[PDB]
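Following: one structure in structure tokens, then a few remarks.
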Amino acid sequence: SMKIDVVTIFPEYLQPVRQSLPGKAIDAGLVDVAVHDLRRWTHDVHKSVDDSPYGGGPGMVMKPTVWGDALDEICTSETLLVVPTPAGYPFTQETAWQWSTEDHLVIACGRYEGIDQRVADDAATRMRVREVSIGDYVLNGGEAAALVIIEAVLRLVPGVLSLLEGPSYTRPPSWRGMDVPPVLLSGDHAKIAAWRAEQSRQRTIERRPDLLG
Amino acid sequence: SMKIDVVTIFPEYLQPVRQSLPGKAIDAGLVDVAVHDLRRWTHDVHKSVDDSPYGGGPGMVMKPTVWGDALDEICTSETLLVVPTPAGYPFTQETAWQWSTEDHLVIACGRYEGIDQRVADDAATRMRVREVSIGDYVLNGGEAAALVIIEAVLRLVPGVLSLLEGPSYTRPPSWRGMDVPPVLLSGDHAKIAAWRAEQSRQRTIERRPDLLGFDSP
Ligand code: NA
Ligand code: NA
């Protein structure tokens, strides 16, 4: 059983991933994904979630008082608090494997200017906190990153949801002047394995030379 | 303005594009985002988009005929065709800046084991084609990658408008016995700039030592 709680000011962003979960998995108690509007924990008639940064500069910083109350309600001692941010440790396939065996993920989606740092510092005194970046680019908010993390983690949970892969082919054998490589039709399975290893080597050199050293 | 066409067998997965800054860019007429069901280009009862691979292997490959016909209708010679795949070139901030100036992006999202290589190779005879990875992890399909690419690009388009950002703070100045760093309360612009620069470099070397030319953990 995995429980995922997402806290966002855009709860509608998450609805399609919730609906996509198979009934079988949910009915088997394998997974539960809940989405919470952060404004439920606001203090004021204006439902304020952010405020001007100390030390000045542009942008707004999300309020520690609101986030503090939300995580007090949603988190437990067992929780892994995930905070998507461009300033985070890299989220990789290794992370997704590690997190696929967690009982309770809480994903705190903020604006890219960020959540007051005391929220993560306070939470780390009573649970595990992971600030993570999904890649080498800035997003306006954590919601699109939350969708990537949920998908990367849940596809590794049974029943729920090195070199580059080389090119793939299916019927027909000739299409707009382009033939499927005839080795693939040869029935020499050792030779096909060697051909695919060479295609993966060439592709990795071209696209991701960092992966070879 | 900019046109974005997304082609998917799960058009419902793209609805989040109507939220947050992409939603605001759409409402303000700076971008038009159209989402198309690939199954619109099938001609059979079962509306089949996949078949077993040549050469063997697990799973299914998306058929070239259906993609060919979709991209013939949606794409022109001016189109940048974006194919999200874990086997792609890295998508980075520099890519987002470059694509922010494009008139027409088409995002072809494939699930299963991927799309026939001949779809990208054929499109590349007529238009610019970019196979891109948004990061070193595997997804079930290109739809979540498409939302990441759209968000990363649209926040840069004129009309909306290295090192890690260090920590940020707002009121109150003391919370649960935790104080905002005194320099940020001091009103000294040069000490604040100095402390923010140091915090950025210290976070970068802890979290992303690769950005400063050091070995990853
Ligand atoms: Na085509
Ligand atoms: Na094509």
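Convention: chains lettered A, B, ... in structure tokens order; per-chain residue numbering from 1; ligands numbered from 1 as shown.
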
Report the closest atom pair, with its distance in Å rounded to one decimal, for each residue of chain B that has an atom no farther than 12 Å from ligand 1; count only C-alpha atoms and all ligand atoms, sort by chain and then rising residue number, and write it as CSV.
residue,atom,partner,partner_atom_place_in_ligand_line,distance
B:41,CA,ligand 1,1 (Na),11.9
B:64,CA,ligand 1,1 (Na),8.7
B:65,CA,ligand 1,1 (Na),8.8
B:66,CA,ligand 1,1 (Na),9.2
B:67,CA,ligand 1,1 (Na),6.6
B:68,CA,ligand 1,1 (Na),3.8
B:69,CA,ligand 1,1 (Na),6.0
B:70,CA,ligand 1,1 (Na),6.8
B:71,CA,ligand 1,1 (Na),4.2
B:72,CA,ligand 1,1 (Na),4.5
B:73,CA,ligand 1,1 (Na),8.0
B:74,CA,ligand 1,1 (Na),8.7
B:75,CA,ligand 1,1 (Na),7.5
B:76,CA,ligand 1,1 (Na),9.5
B:77,CA,ligand 1,1 (Na),10.7
B:79,CA,ligand 1,1 (Na),11.4
B:81,CA,ligand 1,1 (Na),10.0
B:106,CA,ligand 1,1 (Na),11.5
B:108,CA,ligand 1,1 (Na),10.9
B:116,CA,ligand 1,1 (Na),11.8
B:117,CA,ligand 1,1 (Na),11.9
B:118,CA,ligand 1,1 (Na),9.5
B:119,CA,ligand 1,1 (Na),6.4
B:120,CA,ligand 1,1 (Na),8.0
B:121,CA,ligand 1,1 (Na),9.2
B:122,CA,ligand 1,1 (Na),6.3
B:123,CA,ligand 1,1 (Na),4.9
B:124,CA,ligand 1,1 (Na),8.7
B:125,CA,ligand 1,1 (Na),9.3
B:126,CA,ligand 1,1 (Na),8.4
B:127,CA,ligand 1,1 (Na),9.4
B:128,CA,ligand 1,1 (Na),11.8
B:129,CA,ligand 1,1 (Na),11.0

### Message
Residues within 7 Å of residue 107 in chain B, please, as an MDAnalysis selection string. Count only C-alpha atoms; anything in the same chain fewer than 4 positions from it doesn't count.
### Response
chainID B and resid 5:7 81:83 146

Go ahead and save the residues from that selection, with N, CA and C atoms, as a compact mmCIF listing (two decimals), in the first residue's frame.
# COMPACT_ATOMS: atom_id res chain seq x y z
N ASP B 5 0.61 22.38 -30.76
CA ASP B 5 -0.25 21.19 -31.02
C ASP B 5 0.35 20.00 -30.27
N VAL B 6 -0.44 19.33 -29.47
CA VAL B 6 -0.01 18.10 -28.77
C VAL B 6 -0.77 16.93 -29.39
N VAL B 7 -0.09 15.83 -29.72
CA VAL B 7 -0.76 14.62 -30.27
C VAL B 7 -0.54 13.46 -29.30
N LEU B 81 9.15 19.88 -34.50
CA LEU B 81 8.50 18.65 -34.01
C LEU B 81 9.32 18.16 -32.83
N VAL B 82 8.66 18.08 -31.69
CA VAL B 82 9.25 17.70 -30.37
C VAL B 82 8.77 16.30 -30.03
N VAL B 83 9.69 15.38 -29.84
CA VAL B 83 9.37 13.96 -29.51
C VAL B 83 9.99 13.63 -28.16
N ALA B 146 5.43 16.46 -21.97
CA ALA B 146 4.86 17.56 -22.77
C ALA B 146 4.44 18.71 -21.83

### Task
Up to 6 Å from chain B, what residues of chain A turn up? Count only C-alpha atoms and give them as a list in words.
residues 13, 16, 53, 54, 55, 87, 89, 92, 93, 116, 117, 135, 136, 137, 139, 144, 148, 152, 164, 165, 167, 168, 169, 170, 184 and 207 of chain A

Okay, now the selection with C-alpha atoms, as an mmCIF file, in the first residue's frame?
data_model
loop_
_atom_site.group_PDB
_atom_site.id
_atom_site.type_symbol
_atom_site.label_atom_id
_atom_site.label_comp_id
_atom_site.auth_asym_id
_atom_site.auth_seq_id
_atom_site.Cartn_x
_atom_site.Cartn_y
_atom_site.Cartn_z
ATOM 1 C CA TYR A 13 -3.688 20.089 -11.994
ATOM 2 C CA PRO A 16 -6.215 13.504 -14.449
ATOM 3 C CA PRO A 53 10.909 38.110 0.424
ATOM 4 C CA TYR A 54 13.094 39.326 3.324
ATOM 5 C CA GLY A 55 16.209 41.084 1.921
ATOM 6 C CA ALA A 87 17.176 24.169 -6.428
ATOM 7 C CA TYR A 89 18.936 17.364 -5.492
ATOM 8 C CA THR A 92 16.706 10.146 -10.946
ATOM 9 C CA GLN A 93 15.514 6.594 -11.661
ATOM 10 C CA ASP A 116 10.169 29.851 3.328
ATOM 11 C CA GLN A 117 13.169 27.607 4.182
ATOM 12 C CA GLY A 135 15.731 18.528 -14.547
ATOM 13 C CA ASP A 136 18.042 21.399 -15.615
ATOM 14 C CA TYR A 137 15.245 23.954 -16.283
ATOM 15 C CA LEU A 139 9.171 25.672 -14.012
ATOM 16 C CA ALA A 144 4.184 19.592 -13.348
ATOM 17 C CA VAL A 148 6.484 13.479 -13.261
ATOM 18 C CA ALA A 152 8.009 7.715 -12.309
ATOM 19 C CA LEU A 164 20.151 4.772 -24.405
ATOM 20 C CA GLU A 165 17.551 2.470 -26.061
ATOM 21 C CA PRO A 167 15.447 2.681 -32.532
ATOM 22 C CA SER A 168 12.250 0.530 -32.617
ATOM 23 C CA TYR A 169 10.328 -0.694 -35.729
ATOM 24 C CA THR A 170 7.012 -2.424 -36.529
ATOM 25 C CA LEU A 184 15.708 -7.535 -37.368
ATOM 26 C CA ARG A 207 22.878 12.333 -27.637
#

### Query
Pick from A:44, A:142, A:94, A:85: nearest to residue 6 in chain A, with only C-alpha atoms counted?
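Checking each of A:44, A:142, A:94, A:85 against residue 6 in chain A, counting only C-alpha atoms, the winner is A:142.
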
### Message
To one decimal place in Å, what is the distance between CA of residue 209 in chain A and CA of residue 205 in chain B?
### Response
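Straight-line distance from CA of residue 209 in chain A to CA of residue 205 in chain B works out to 22.8 Å.
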
### Task
Extract, using only C-alpha atoms, all DNA, RNA and protein residues at most 9 Å from residue 22 in chain A, discarding same-chain residues fewer than 5 positions from it, and format them as JSON, numbers by chain.
{"A": [27, 159, 160, 161]}

### Task
Give me every strand (DSSP E) residue in chain A, going by DSSP on the backbone, as an MDAnalysis selection string.
chainID A and resid 2:8 31:37 50:51 61:62 80:90 104:108 128:133 174:175 178:179

Could you write out that same residue set with C-alpha atoms as a PDB file, in the first residue's frame?
ATOM      1  CA  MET A   2       1.312   3.541  -0.935  1.00  0.00           C
ATOM      2  CA  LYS A   3      -0.451   6.795   0.151  1.00  0.00           C
ATOM      3  CA  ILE A   4       0.470   9.994  -1.810  1.00  0.00           C
ATOM      4  CA  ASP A   5      -0.835  13.374  -0.557  1.00  0.00           C
ATOM      5  CA  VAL A   6      -0.247  16.401  -2.833  1.00  0.00           C
ATOM      6  CA  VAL A   7      -0.602  19.962  -1.404  1.00  0.00           C
ATOM      7  CA  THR A   8      -0.999  22.674  -4.096  1.00  0.00           C
ATOM      8  CA  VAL A  31      -2.409   2.999  -3.878  1.00  0.00           C
ATOM      9  CA  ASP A  32      -4.290   6.111  -2.660  1.00  0.00           C
ATOM     10  CA  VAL A  33      -3.584   9.596  -4.189  1.00  0.00           C
ATOM     11  CA  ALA A  34      -5.266  12.575  -2.390  1.00  0.00           C
ATOM     12  CA  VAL A  35      -4.916  16.253  -3.487  1.00  0.00           C
ATOM     13  CA  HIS A  36      -5.379  19.116  -0.957  1.00  0.00           C
ATOM     14  CA  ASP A  37      -5.904  22.828  -1.664  1.00  0.00           C
ATOM     15  CA  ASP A  50       2.729  34.111  -0.135  1.00  0.00           C
ATOM     16  CA  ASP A  51       4.458  37.358   0.963  1.00  0.00           C
ATOM     17  CA  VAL A  61       7.810  33.482  -1.009  1.00  0.00           C
ATOM     18  CA  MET A  62       5.181  31.060   0.319  1.00  0.00           C
ATOM     19  CA  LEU A  80       8.691  11.264   3.166  1.00  0.00           C
ATOM     20  CA  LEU A  81       8.123  14.995   2.399  1.00  0.00           C
ATOM     21  CA  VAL A  82       9.002  15.667  -1.278  1.00  0.00           C
ATOM     22  CA  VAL A  83       9.531  19.320  -2.277  1.00  0.00           C
ATOM     23  CA  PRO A  84       9.924  19.784  -6.061  1.00  0.00           C
ATOM     24  CA  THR A  85      12.152  22.805  -6.725  1.00  0.00           C
ATOM     25  CA  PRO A  86      14.701  23.748  -9.372  1.00  0.00           C
ATOM     26  CA  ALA A  87      17.176  24.169  -6.428  1.00  0.00           C
ATOM     27  CA  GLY A  88      16.799  20.485  -5.366  1.00  0.00           C
ATOM     28  CA  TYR A  89      18.936  17.364  -5.492  1.00  0.00           C
ATOM     29  CA  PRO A  90      18.485  15.588  -8.868  1.00  0.00           C
ATOM     30  CA  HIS A 104       3.539   7.730   2.702  1.00  0.00           C
ATOM     31  CA  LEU A 105       4.772  10.412   0.229  1.00  0.00           C
ATOM     32  CA  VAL A 106       3.692  14.051   0.798  1.00  0.00           C
ATOM     33  CA  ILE A 107       4.450  16.325  -2.196  1.00  0.00           C
ATOM     34  CA  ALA A 108       4.534  20.061  -1.260  1.00  0.00           C
ATOM     35  CA  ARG A 128      12.460  12.825   6.193  1.00  0.00           C
ATOM     36  CA  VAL A 129      12.549  15.753   3.714  1.00  0.00           C
ATOM     37  CA  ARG A 130      13.784  15.557   0.066  1.00  0.00           C
ATOM     38  CA  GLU A 131      14.064  18.738  -2.038  1.00  0.00           C
ATOM     39  CA  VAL A 132      14.402  17.461  -5.684  1.00  0.00           C
ATOM     40  CA  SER A 133      14.743  18.890  -9.203  1.00  0.00           C
ATOM     41  CA  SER A 174       8.824  -0.571 -46.020  1.00  0.00           C
ATOM     42  CA  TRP A 175       7.194   2.853 -45.364  1.00  0.00           C
ATOM     43  CA  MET A 178      12.379   3.578 -45.402  1.00  0.00           C
ATOM     44  CA  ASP A 179      13.043  -0.138 -44.799  1.00  0.00           C
TER      45      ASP A 179
END

### Task
Go through A:176, A:91, A:197, A:192 and flag the residue nearest ligand 2, using only C-alpha atoms and all ligand atoms for the distances.
A:176

#### Entry: Residues near residue 30 in chain B, cut-off 10 Å, only C-alpha atoms, skip fewer than 5 positions along chain, as a PyMOL selection string
chain B and resi 1-3+22+24-25+154+157-160

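In this structure, CA of residue 68 in chain A sits 6.2 Å away from CA of residue 119 in chain A.
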
### Task
Extract the full set of alpha helix (DSSP H) residues from range 1-166 of chain B according to DSSP on the backbone, and format it as number ranges by chain.
B: 20-27, 64-74, 93-99, 117-123, 143-154

## Note on the structure
Shortest contact to residue 8 in chain B, candidates B:38, B:212, B:26, B:33, atoms counted only C-alpha atoms, goes to B:38
